[PDB]
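A short worksheet on the structure shown next.
Heavy atoms only: backbone and side chains are in, while hydrogens, waters and symmetry mates are out. Within every chain, numbering begins at 1; the chains are lettered A, B, ... in the order of the sequence lines, protein sequences first and strands thereafter.
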Amino acid sequence: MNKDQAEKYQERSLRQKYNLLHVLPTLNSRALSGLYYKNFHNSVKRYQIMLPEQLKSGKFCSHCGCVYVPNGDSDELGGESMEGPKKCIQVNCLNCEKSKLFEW
Amino acid sequence: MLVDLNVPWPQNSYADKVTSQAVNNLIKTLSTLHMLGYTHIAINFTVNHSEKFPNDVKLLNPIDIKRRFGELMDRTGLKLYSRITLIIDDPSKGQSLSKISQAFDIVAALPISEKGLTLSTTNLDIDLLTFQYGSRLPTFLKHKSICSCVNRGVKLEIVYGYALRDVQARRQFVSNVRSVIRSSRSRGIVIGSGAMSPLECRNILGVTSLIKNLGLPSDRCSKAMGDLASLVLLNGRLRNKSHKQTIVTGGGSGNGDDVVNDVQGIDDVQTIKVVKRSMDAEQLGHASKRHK
Amino acid sequence: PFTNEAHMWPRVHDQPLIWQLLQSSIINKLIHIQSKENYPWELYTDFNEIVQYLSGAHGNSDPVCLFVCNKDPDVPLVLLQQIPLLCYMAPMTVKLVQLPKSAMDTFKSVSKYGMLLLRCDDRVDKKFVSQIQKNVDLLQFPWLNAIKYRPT
RNA sequence: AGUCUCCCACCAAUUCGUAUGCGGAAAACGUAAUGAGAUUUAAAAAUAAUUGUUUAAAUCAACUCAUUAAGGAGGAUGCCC
RNA sequence: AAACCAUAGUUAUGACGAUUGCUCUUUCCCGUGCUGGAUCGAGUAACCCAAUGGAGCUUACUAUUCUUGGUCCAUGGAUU
Ligand SMILES: [Mg+2]
Ligand SMILES: [Zn+2]
């Protein structure tokens with residue numbers, strides 16, 4: 001395998017994985033969400049390339065693995081509620097009933 | 001289903017040019033084999049390992065299955081495969097099997113020494129291990145090596161077509177065949193006929209009688225000629241055509257278009273298979289319910 | 001991209017001279033009394049009602065204009081996580097605008113937190129939003145493109 | 001069959017004086033109840049023995065590791081009664 | 001200079017003949033059925049072999065190249 005064609009194959013595979021991690025089932029089906037999340041992370045671990053922390057912070061859920069999304073393609077919302085602080089800022093979802101809170 | 005994998009080609013070195021009489025005799029012997037009855041025939045091309053191999057690809061295969069054999073097969077009704085036997089005696093540095101294995105289909109060996117035998121059994125990626133039944137055996141063949149090689153792949157080949165050559169050669173042929181059958185535990189045995197003319201060919205029953213007189217049972221002979229021959233053909237076809245047995249470019253819809261069976265359809269200068277669209281997403285999954 | 005082009009929202013440099021005049025308007029708003037701030041102009045300054053108004057409670061006025069202080073340190077990364085997707089998914093046309101200079105944290109010092117969305121229908125509001133639609137407009141959905149997540 | 005382990009002399013004790021889940025003289029030995037784990041791990045892979053494939057990685061099944069000392073008496077719960 | 005000792009003992013376990021039993025298939029009979037009886041046949045395999053004795057573990061075996069028991073949130077057909 002040539003290195004120039006291997007790099008391109010790598011970016012193509014990463015693009016395809018992130019694209020499949022999006023549209024209908026990774027949003028709706030929490031099972032497939034977690035599955036494709038695990039697959040993408042096992043694929044990025046094998047290449048040993050660091051991931052951008054800016055997105056790594058608020059990337060996905062930790063209980064099921066759906067994209068944290070509040071309310072050209074009308075889709076499902078990931079996060080149903082996002083309160084103020086009320087003591088401290090938190091975010092909740094629909095797919096499961098757990099919530100993740102961060103401190104200012 | 002009968003397979004004959006040791007049809008010799010009238011040429012040993014690339015310096016030779018084959019005349020029309022030899023290819024006509026080969027045509028006659030192929031017609032003879034088709035008359036009485038046969039299913040698969042793979043011609044052999046013997047060459048030595050010591051001399052330099054030509055640095056070409058489109059000149060390494062002097063068989064031309066498409067031009068003459070492709071012209072006769074539509075009238076005959078069978079398929080032909082190209083096989084090469086690497087006769088290796090000493091471990092010289094000339095070794096470029098990555099090209100000959102990919103250009104040919106089946107690659108066999110004919111060792112004369114013990115070191116060459118060991119390296120061909122362990123490291124050399126080959127398909128069949130043939131011994132010189134005309135000459136004497138190199139040394140005393142052991143059991144564990146042959147059994148581990150059979151479990152690992154490569155099997156032994158017995159050439160009953162050589163015993164029809166001379167008078168003194170039959171004794172050495174029998175002395176080698178009995179030792180090979182005793183040391184191989186009668187597991188990885190493939191039988192072939194090394195005849196250069198249709199005059200030394202026999203029927204399946206004659207082969208069965210000769211082999212059962214040699215010492216191998218008849219049911220095992222039929223089993224090895226039916227399934228062990230098809231499997232050793234499939235090995236050499238898939239290791240070359242496909243990847244290391246993970247992805248195959250041949251798609252068998254029914255029971256006739258198989259990687260070893262379908263030979264005129266599958267392209268060879270490349271590995272693509274241009275077929276019209278037959279699988280879309282709107283068709284019913286259940287084949288019993290799917291109707292056109 | 002998911003957040004890659006979310007870094008590069010505004011592209012014009014005619015902004016500041018009218019921007020601190022917009023802060024002068026902000027003073028005009030905030031100097032009356034608790035009620036007479038929102039008397040002529042609908043201003044909201046609480047993250048709760050910020051997200052509740054965009055949840056879909058009322059759909060009267062299409063043009064909403066939200067303003068955030070960001071692209072600087074000393075700011076809640078955790079809360080700048082999710083506001084652009086929220087303003088996009090909202091059925092209202094919400095023109096999210098991000099303050100271009102970090103020295104304009106007087107906004108942080110005055111209203112509540114550096115967040116403020118307004119219902120742009122008053123005649124001065126659209127008087128200038130018709131001049132800002134000329135200026136900048138950039139808002140997409142990551143599910144559509146998702147081709148530049150973060151390669152290289 | 002196999003480059004695996006151990007017994008085939010004793011030692012009121014520098015001699016594994018080891019009452020440690022059970023059986024066993026020992027075993028790099030069999031099995032039982034619970035919890036967890038997957039080069040992101042206690043440890044298996046894509047930078048002592050054995051096996052062609054050589055545990056798992058929807059659920060089950062299989063491997064590894066981490067806990068549960070023997071006998072008698074009192075109270076509570078569940079079953080026939 | 002011997003301690004020489006195996007209900008195989010030092011790489012020996014040979015040559016065939018006959019009888020019973022098991023698997024499936026071929027048919028008959030009483031009473032559906034019976035570890036039922038009787039012919040017409042095939043098969044009785046594969047892995048492999050001791051060299052002082054015993055135990056544990058792992059690894060090879062059984063596809064017209066003998067067999068047996070159970071399980072399966074495996075699929076295929078039918079009834080409720
Ligand atoms: Mg032995
Ligand atoms: Zn969840």
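Going from the P atom of D/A45 to that of D/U67 covers 25 Å, rounded to whole Å. Across the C1' atoms, E/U27 and E/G69 are found 31 Å apart, a figure rounded to whole Å. With both ends at atom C1', the span from D/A44 to D/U64 equals 9 Å, rounded to whole Å. The gap from the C1' atom of E/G9 to that of E/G53 amounts to 13 Å, rounded to the nearest Å. One P atom belongs to D/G35, the other to D/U39, and the distance between them is 23 Å to the nearest Å. If you take atom P in E/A50 and the same atom in D/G2, they sit 8 Å apart, rounded to whole Å. Rounded to the nearest Å, the gap between the P atom of E/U67 and that of E/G43 is 12 Å. D/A62 and E/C73 have their P atoms separated by 16 Å, given to the nearest Å.
The interatomic distance linking B/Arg220 (CZ) with E/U64 (P) rounds to 13 Å, in whole Å. In this structure, CZ of B/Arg152 is placed 18 Å from P of E/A60, rounded to the nearest angstrom. One interatomic measurement links the two molecules: NZ of B/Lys212 to P of E/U65, which rounds to 18 Å at whole-angstrom precision. What separates CE of B/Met225 from P of E/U65 is a distance of 19 Å, to the nearest Å. One can place CG of B/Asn235 at 16 Å from P of D/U53, the figure rounded to the nearest angstrom. Residue B/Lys223 contributes atom NZ, which lies 15 Å from atom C1' of E/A46 at whole-angstrom precision. As rounded to whole Å, 13 Å separates atom P of E/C49 from atom NZ of B/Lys144. The NZ atom of B/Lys244 sits 13 Å away from the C1' atom of D/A46 (whole-angstrom rounding).
A negative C1'-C2'-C3'-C4' torsion places the sugar of D/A45 in the south, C2'-endo-side range. The torsion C1'-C2'-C3'-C4' is the criterion here, and for D/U15 it is negative, giving a south pucker. Because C1'-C2'-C3'-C4' is negative for D/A38, its sugar is assigned to the south class. The pentose of D/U31 belongs to the north class of puckers. Its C1'-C2'-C3'-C4' angle has a positive sign. A positive value of the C1'-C2'-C3'-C4' torsion places the sugar of D/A46 in the north (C3'-endo) family.
Between B/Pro8 and B/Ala195, the closest heavy-atom pair is CD-O, 3.2 Å. Closest approach of A/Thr26 and A/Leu20 over heavy atoms only: OG1-O, 3.1 Å. Between B/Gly188 and B/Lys155, the closest heavy-atom pair is O-CB, 3.2 Å. Minimum interatomic distance between C/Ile83 and C/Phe47 (heavy atoms only, all atoms of both residues): CG2-CE1, 4.5 Å.
Under the 5.5 Å and 30° stacking definition, the step from D/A46 to D/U47 does not qualify as stacked. Under the 5.5 Å centre and 30° plane thresholds, E/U19 stacks on its strand neighbour E/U20. Stacking status of E/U26 with E/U27: stacked, per the base-ring test of centres under 5.5 Å and planes under 30°. For the neighbouring bases D/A48 and D/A49, a stacking contact is recorded, both ring-centre distance under 5.5 Å and ring-plane angle under 30° holding. Bases D/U55 and D/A56 qualify as stacked neighbours, criterion being ring centres under 5.5 Å and ring planes under 30°.
Crowding of A/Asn42 atom CG: a count of heavy atoms from other residues, nucleotides or ligands under 6.0 Å exceeding 12. Applying the 6.0 Å contact sphere to NZ of B/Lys292 captures more than 12 heavy atoms from other residues, nucleotides or ligands.
For the pair B/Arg187 and B/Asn151, both in contact range of RNA chain E, the more 5′-proximal nearest nucleotide belongs to B/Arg187.
By the 4.0 Å N-to-carboxylate-O rule, B/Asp219 lies too far from B/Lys223 to be salt-bridged with it. We find that B/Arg277 and B/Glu282 are not joined by a salt bridge, their nearest charged nitrogen and carboxylate oxygen being 4.0 Å or further apart. Checked for salt-bridge contact, A/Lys8 and A/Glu11 miss the test: no charged N lies under 4.0 Å from a carboxylate O.
Remark: B/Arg185 is not in phosphate contact with E/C61, judged by side-chain N or O atoms under 4.0 Å from OP1 or OP2.
If you check E/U64, E/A46, E/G76 against the side chain of B/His286, the one that comes closest is E/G76. Closest to the A/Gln48 side chain, of the nucleotides D/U47, E/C47, E/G76, is D/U47.
Ring centroids of C/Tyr149 and A/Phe40 are separated by less than 6.0 Å, placing the two rings close together. For B/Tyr38 and B/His34, the ring centers are positioned 6.0 Å apart or more.
Glycosidic conformation at D/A13 (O4'-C1'-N9-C4 for purines, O4'-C1'-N1-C2 for pyrimidines): syn, within 90° of 0. Nucleotide E/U71 carries an anti base; the chi torsion (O4'-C1'-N9-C4 or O4'-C1'-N1-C2) is more than 90° from 0.
If you check E/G14 against E/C72, you find neither a Watson-Crick nor a G-U wobble pair with both contacts below 3.5 Å.
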Bracket string, RNA chain D, 5' to 3' - pairs by Watson-Crick or G-U geometry under 3.5 Å, | interstrand: ...||.|.............((.......)).((...............................))..............
Dump the intermediate steps for ring pair (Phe, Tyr, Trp, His ring centres under 6.0 Å) on A/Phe60 and A/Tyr68, then the final yes or no. CA-CA 6 Å; A/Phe60 301 105; A/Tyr68 283 165; 8.5 Å; no
Is there any protein nitrogen or oxygen under 3.5 Å from a nitrogen or oxygen in nucleotides 39-43 of chain D, and what are the pairs?
{"residue": "D/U40", "atom": "OP1", "partner": "A/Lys45", "partner atom": "NZ", "Å": "3.4"}
{"residue": "D/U40", "atom": "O4", "partner": "A/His41", "partner atom": "O", "Å": "3.3"}

